[PDB]
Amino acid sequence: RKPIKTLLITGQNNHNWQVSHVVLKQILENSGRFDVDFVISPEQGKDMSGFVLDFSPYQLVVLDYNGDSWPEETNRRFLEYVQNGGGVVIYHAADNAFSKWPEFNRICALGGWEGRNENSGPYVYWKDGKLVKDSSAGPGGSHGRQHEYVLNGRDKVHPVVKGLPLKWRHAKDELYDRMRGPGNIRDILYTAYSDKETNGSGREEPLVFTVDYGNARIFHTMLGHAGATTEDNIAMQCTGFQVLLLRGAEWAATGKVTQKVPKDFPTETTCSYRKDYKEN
């Protein structure tokens, strides 16, 4: 089969996007299943009027961006792409972007920072065997110290998770917690316990899920805080991070996952890595 034509939007981010955009392209392209094109925006505070994107050649859009609003024509074309059954991957702090764009916050379902709070929408978390909405006052977006943590599968059937272990240890990373937004989650794939003694929330927080937005296939992964270099980048070098990105990207583009469960998938107790961003 022909590789999946992918557009990766970057150029502004409070995170080290210079590292993450390169690594995201390598993870996807090293599988031989994706052909990735970068679009790099002007820097923060520069004229954005020329950052006019064409979504028509692509089956998948990967967001690695936060900061200045894209120009109105790009915003209109992005919404048209999504509403026409487009595939989207929301990666880590891309869900912080465009706090004042209602449509964008519905595409992410949950976001954080950029002044979000109870005015941004409810908390959504796992409580006593299901997702619950909680509109109580509080901050929109937090995380504790970076740490290894165990992801809990909440879906056994979804193409992205089918065949993967129910529990697996993710490499040292931030654990996003107290995220807020319209909360229109379609399928919850993975949650993790955010321990208060790691400066967490105390809740079982959603970290990997799909979003209910018309006929769009939206894969949201809050994992993968970018390291300072492509070599020292533990959260993204995690095999779990990479396998979920590859499967989520394939699913978002085509509605299906044709990738077998790899032999190097992490266990509940032991992290696994692909330091060079390839299954060898």
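The first residue of the sequence shown is number 1, and the count goes up from there.
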Comparing 68-76 with 171-179, where is the mean C-alpha B-factor higher? 68-76
Between 43-51 and 232-240, which has the larger average Cα B-factor in the PDB entry? 43-51
Out of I188, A192, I90, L166, highest CA B-factor residue: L166
Out of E204, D95, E118, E148, which one has a C-alpha B factor higher than all the others in the entry? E118
Taking the chain's C-alpha temperature factors as the reference, tell me which third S142 falls into: lowest, middle or highest. middle
Could you say whether, by C-alpha temperature factor, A216 belongs to the lowest, middle or highest third of its chain? highest
Quick tally, chain-level thirds of C-alpha B-factors: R33 sits in the highest
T10 CA temperature factor, ranked by third within the chain: lowest
In terms of the chain's CA B-factor thirds, is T254 lowest, middle or highest? highest
